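The structure appears below as structure tokens.
Cβ placement follows ideal geometry from the backbone for every residue including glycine, while neighbour counts extend to all protein chains displayed. Throughout, read-outs are computed from the coordinates displayed, never taken from laboratory work.
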Amino acid sequence: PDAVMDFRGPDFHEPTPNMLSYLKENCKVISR
Amino acid sequence: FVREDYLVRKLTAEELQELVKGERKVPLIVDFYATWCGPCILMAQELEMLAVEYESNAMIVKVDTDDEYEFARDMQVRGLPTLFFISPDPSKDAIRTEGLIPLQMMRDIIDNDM
Amino acid sequence: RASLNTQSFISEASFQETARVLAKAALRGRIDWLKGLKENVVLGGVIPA
Amino acid sequence: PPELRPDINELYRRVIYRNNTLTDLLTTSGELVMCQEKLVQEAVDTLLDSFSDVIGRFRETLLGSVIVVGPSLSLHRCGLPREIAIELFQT
Amino acid sequence: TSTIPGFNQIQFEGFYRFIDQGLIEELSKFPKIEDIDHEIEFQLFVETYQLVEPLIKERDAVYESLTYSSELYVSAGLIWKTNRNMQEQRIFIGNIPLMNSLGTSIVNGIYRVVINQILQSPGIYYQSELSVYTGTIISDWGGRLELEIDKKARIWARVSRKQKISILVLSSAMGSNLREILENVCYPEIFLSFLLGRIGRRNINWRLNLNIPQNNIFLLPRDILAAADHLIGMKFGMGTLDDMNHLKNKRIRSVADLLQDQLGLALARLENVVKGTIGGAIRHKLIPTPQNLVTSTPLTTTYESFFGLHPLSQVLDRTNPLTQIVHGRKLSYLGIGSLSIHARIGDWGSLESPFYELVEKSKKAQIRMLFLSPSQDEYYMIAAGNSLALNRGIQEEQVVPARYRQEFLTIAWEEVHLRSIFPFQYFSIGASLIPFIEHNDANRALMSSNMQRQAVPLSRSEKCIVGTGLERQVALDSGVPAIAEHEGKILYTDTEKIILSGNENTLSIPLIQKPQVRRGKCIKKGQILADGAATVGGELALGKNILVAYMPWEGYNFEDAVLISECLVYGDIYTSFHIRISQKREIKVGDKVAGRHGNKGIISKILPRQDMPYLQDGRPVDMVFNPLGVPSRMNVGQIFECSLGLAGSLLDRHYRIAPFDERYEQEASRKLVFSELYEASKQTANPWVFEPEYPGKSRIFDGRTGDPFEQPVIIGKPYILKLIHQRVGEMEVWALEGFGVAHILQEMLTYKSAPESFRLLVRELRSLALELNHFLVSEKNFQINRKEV
């Protein structure tokens, strides 16, 4: 009890990126 | 931009020779993990936390001994999880640690021995 | 088929085949002499029971 | 009356239009008159069977609290909440 | 492969596919548009497609009641005449609604989620009608084509109930002659005796063993020839019939495919809008490229009508963090069920599950997890057993229960191809959150799922003592906790915001939650900063651990009624906030509570602390469930949850029991529970917690008397969730008239609302030109009085 889950631990998926951040990173959406 | 999920940087043995020969401003931590090794799942998380906590004040890097096994042997590594703390002053002897040392022992070494 | 052959045509029409029942009964000019319950609740009666 | 039909209004409008057009073609000055008679027949038949699609009113218009188990009631009693009873008995 | 997928990933990977190809795919089908005089031409240059980011952020779009959307622009050629009468302006084609990362689209201010649709998979199928061998092509447009044999072959292709033609005649109409039939079918003298999309192409090739190249996306005549040849096979019995209802013959359309379809509709509307505006340009001249001959209306209003109206676009069930996730993993046949925890929609719309592969000595595989659809996974011997059996023989020859084809069977490990290693593999999210689920009747697994999907977030949420380990996954993927977006040291923390600094750059994260990080903490990228509503420590926290006894009290717990202590009102333990302004809803008589095991009940009585039953440690119990529910719904798992929750309360231990722990060891769950009860007893010196005479039960005392109830009562600290909260019918008419109580029936059917509805009845029949005429005959005078109708 009062343990806080380490979502970066070895039994979690890699952190899901922000959808806009991901689309921008993949050069699918543009800012200017 | 999406910010990369990992800070501890994997190096080849030659990129490490370059990084040790060149002048350094900060302690260099070299992790000789291997991907089949159980304790290395834990050491990789401790080193990721160290790499966040020190930001640019430490250079924490890792060397997969599946790839650089002969270099690990020449580094006198006798097991995994192993870690070198290489001072930025090139006169000082580096510190090899063996086993899952506490993250507080890593901080102790980096602040007081490097 | 016992319903749709029950003399109170409202008990037939309000059950099934309503348009066919009504068409036949109107051509037959049929008299529903109101008795029995189903055909009485539509007319809002006191129920002949 | 419109108060009993406040989809069938489109059918009444169609019948009215077709019938008025047929009257106009009868009166303004024959196979087109016959064509409009046919389309009036079709409109009326569609409107009757529609009323047949409305015919069901016997079930739809002529016919047609959470409980708590309380040991302290008698077999003939029930507990009626204040907030409901004040609505039920208002008259 | 290695880990439970992100629950929203099915939506995420769908939406990214829609962006990664569906835009190109649908824009590529936009034709050149020609004017009526064949002199002016317009086209989109799809290669220039450009999504500019939403100029309004999500939290502004939801506040202003707007759609959070990216803007699609494309350059457009328009030759108004020969030579230099050309403009090639970059034009705004319209808003496409963007997905937010947890899997939802803000549309006119309201979060919507696109429910997945299940359809019959494209391909070919054979039905034995009544024997009437009946082949059927399904194209991915949903178009059927039918083939049939009833006797002596003479195969007909069927187009309509009055339209059947022999397949050699159809092939002749398709331009294939009897010589091609003779060459290209296995049984050509049988034939002579008579004298689809990418998914469809795949499935027809697979089912017919054909090798037509994938680029032949449409049906070929040789496909119909092969279908007739296989139908002759079925006639002889050289094949099998196909069961249409089986999950192997279904495909899943995600957010990707529905949004792509809606782009198809939006562009077909754009085609009509360009044709009509080119008309106005060719009749009124007007102005060239005012932006262009394009309006924003087609796309914007197509997508917004999709979201507003389409049955598979539904407002997000923001009730609690679990329902926000589960909603986006529904699977509806309209346009139901939900996707299993490990399931993945494959590149062909099949639903794929991970299986470990037992390739033994020859091959050097790198990753030994396959993903297999129910179409593939029947042609493998899947074992669910364990390698923990040995004998004077060898482990390889030790037999285990396996699944092969649709059968269950027992085979040696030497024969097993694949192992179903993950515990949660077959469970939905709601079922995965139930501990000891293997001890609950599976009938209630749906109900016990639904209960958690009705649980109200509580003020002062609390982690469950016993769980399965999926509360972590649910908390992470619900997006209700503030997950860090960037590594760094914490700078500042209050009720309004968190601040990070890392990579020598700051990030400010306002909370729309309570901070879990101390102001001095350091955070790796995807770790939790703040808990949300109904999370604690980054675990789902829908309920509270209530000290409970199961015993029949004096009827106030009759058939799953529940007594609660006044302390549940004292402690705000089940106090919710409901927003309209807010109200501090306490727990009340008639409120619904449930455990996660389907042990629902309604609070009938609230007793003061000293009237409750009380334990041998003097503590009054806080609820009294009734034990007749336990065999009524067949949920022994909750007794484990009770007992081990008590252990966890006394040892200060939480437990995260993955399902089917009986795979290690028989009675494994009983051994865990009794072991931790005994540890809690001997550590706390509470010998009543583990009474060896009747473990897990204890004698308890009447708070109104002090005498013990003479038989031991099962006690626990289970995790209890608070749940969220006149036609006169024909069968009531039948019942009232059965009682002969017909004046009540008259009241209920007339003056409580001839009667005016009989006036309506007669008036509508009178409007059908039928006189419903009501008469009554005077008994005294025989006068035929016409009723007022």
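Structure notes:
- Residue match in region E:467-479 (condition: within 14 Å of chain A (Cβ to nearest Cβ) and more than 25 Å from the chain's Cα centre (by Cα)): no
- Residue list for region E:447-466, filter: among the β-branched types (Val, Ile, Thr) and away from every other protein chain (no Cβ under 14 Å): E:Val456
- Residues that are more than 44 Å from the chain's Cα centre (by Cα), among the aliphatic types (A, V, I, L, M) and surrounded by 17 or more Cβ atoms within 10 Å (Cβ to Cβ) within region E:142-189 comprise E:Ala153, E:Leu168, E:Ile181, E:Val185, listed in sequence order.
- None of E:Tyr556, E:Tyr574 is among the aromatic types (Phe, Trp, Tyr) and in contact with a helix residue (DSSP H, G or I) (Cβ under 7 Å, 6 or more places away or on another chain) except E:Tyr574.
- Restricting region E:268-277 to residues that are surrounded by fewer than 20 Cβ atoms within 10 Å (Cβ to Cβ) and not small (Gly, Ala, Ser), the residue that is nearest to E:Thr300 (Cα to Cα): E:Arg269
- The residues of region E:399-430 that are small (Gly, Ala, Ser) and either touching a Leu at 6+ places or on another chain (Cβ under 8 Å) or surrounded by fewer than 16 Cβ atoms within 10 Å (Cβ to Cβ) (or both), listed by number, are E:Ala402, E:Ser428, E:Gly430.
Conditions tested, residue by residue: (1) more than 10 Å from chain C (Cβ to nearest Cβ); (2) more than 49 Å from the chain's Cα centre (by Cα); (3) loosely packed, with under 15 Cβ neighbours inside 10 Å.
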{"position": "E:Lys717", "(1), (2), (3)": "yes, no, no"}
{"position": "E:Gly729", "(1), (2), (3)": "yes, no, yes"}
{"position": "E:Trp734", "(1), (2), (3)": "no, no, yes"}
{"position": "E:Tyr751", "(1), (2), (3)": "no, no, yes"}
{"position": "E:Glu771", "(1), (2), (3)": "no, yes, yes"}
{"position": "E:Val777", "(1), (2), (3)": "no, yes, yes"}
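- Selection count, region E:272-319, where residues are part of a helix (DSSP H, G or I) and either of a type in the set (A, V, I, L, M) or in contact with a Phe, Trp or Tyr (Cβ under 7 Å, 6 or more places away or on another chain) (or both): 7
- Check on E:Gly22, of a type outside the set (A, V, I, L, M) and within 7 Å of chain A (Cβ to nearest Cβ): no
- For region E:1-42, a tally of residues being closer than 21 Å to E:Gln89 by Cβ and in contact with a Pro (Cβ under 8 Å, 6 or more places away or on another chain) returns 0.
- Residues being among the aromatic types (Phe, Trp, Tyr) and over 16 Å from C:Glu12 (Cα atoms) - total across region D:49-65: 1
- Failed criterion for E:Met731 (all others in (1) in contact with a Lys or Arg (Cβ under 9 Å, 6 or more places away or on another chain); (2) under 17 Å from C:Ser14 (Cα atoms) hold): (1)
- Meeting the requirement of 2 or more residues that are closer than 19 Å to E:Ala769 by Cβ, the helices (runs of 4 or more DSSP H) wholly within chain D are D:8-27, D:31-48, D:51-54.
- Matching residues in region B:79-98 - criterion: being farther than 13 Å from B:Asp31 by Cα and surrounded by fewer than 13 Cβ atoms within 10 Å (Cβ to Cβ): B:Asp89, B:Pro90, B:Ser91, B:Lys92, B:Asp93
- Against the criterion of being under 30 Å from E:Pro321 (Cα atoms) and surrounded by 23 or more Cβ atoms within 10 Å (Cβ to Cβ), E:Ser101 does not qualify.
- Subset tally (residues that are surrounded by 18 or more Cβ atoms within 10 Å (Cβ to Cβ) and either under 12 Å from B:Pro27 (Cα atoms) or touching a helix residue (DSSP H, G or I) at 6+ places or on another chain (Cβ under 6 Å) (or both)) for region B:54-78: 7
- Test: D:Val44 is within 13 Å of chain E (Cβ to nearest Cβ), more than 29 Å from C:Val41 (Cα to Cα) and under 19 Å from the mean Cα position of the chain (by Cα): yes
- Positions within region E:114-162 being among the charged types (D, E, K, R), part of a loop (DSSP other than H, G, I, E, B) and either within 25 Å of E:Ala256 (Cα to Cα) or touching a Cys at 6+ places or on another chain (Cβ under 6 Å) (or both), in sequence order: E:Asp140
- The residue that is nearest to the chain's Cα centre (by Cα), among those in region E:397-428 that are of a type in the set (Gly, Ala, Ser) and within 15 Å of E:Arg663 (Cα to Cα), is E:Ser420.
- Residues in region D:1-26 that are within 16 Å of D:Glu42 (Cα to Cα) and not polar (S, T, N, Q): D:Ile8, D:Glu10, D:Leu11, D:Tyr12, D:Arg13, D:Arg14, D:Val15, D:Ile16, D:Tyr17, D:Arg18, D:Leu22.
- Cβ-Cβ contacts under 6 Å between residues 6 or more apart (or on different chains), taken from a first residue in region E:335-349 that is hydroxyl-bearing (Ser, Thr, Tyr) to a second residue that is assigned to a loop (DSSP other than H, G, I, E, B), are listed as E:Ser338/E:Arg329; E:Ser338/E:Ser428; E:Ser340/E:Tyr426.
- Restricting region E:487-503 to residues that are crowded, with 18+ Cβ neighbours inside 10 Å and of a type outside the set (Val, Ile, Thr), the residue that is farthest from the other protein chains (Cβ to nearest Cβ): E:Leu500
- For region B:33-82, a residue qualifies if it is under 15 Å from B:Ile101 (Cα atoms) and β-branched (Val, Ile, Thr), and the qualifying residues are B:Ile41, B:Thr82.
- Region E:508-583 holds strands (runs of 3 or more DSSP E) entirely within its bounds, and those carrying 2 or more residues that are away from chain A (no Cβ under 14 Å) and either among the polar types (S, T, N, Q) or out of contact with any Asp or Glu (no Cβ under 7 Å at 6 or more places or on another chain) (or both) map to E:548-550, E:561-565.
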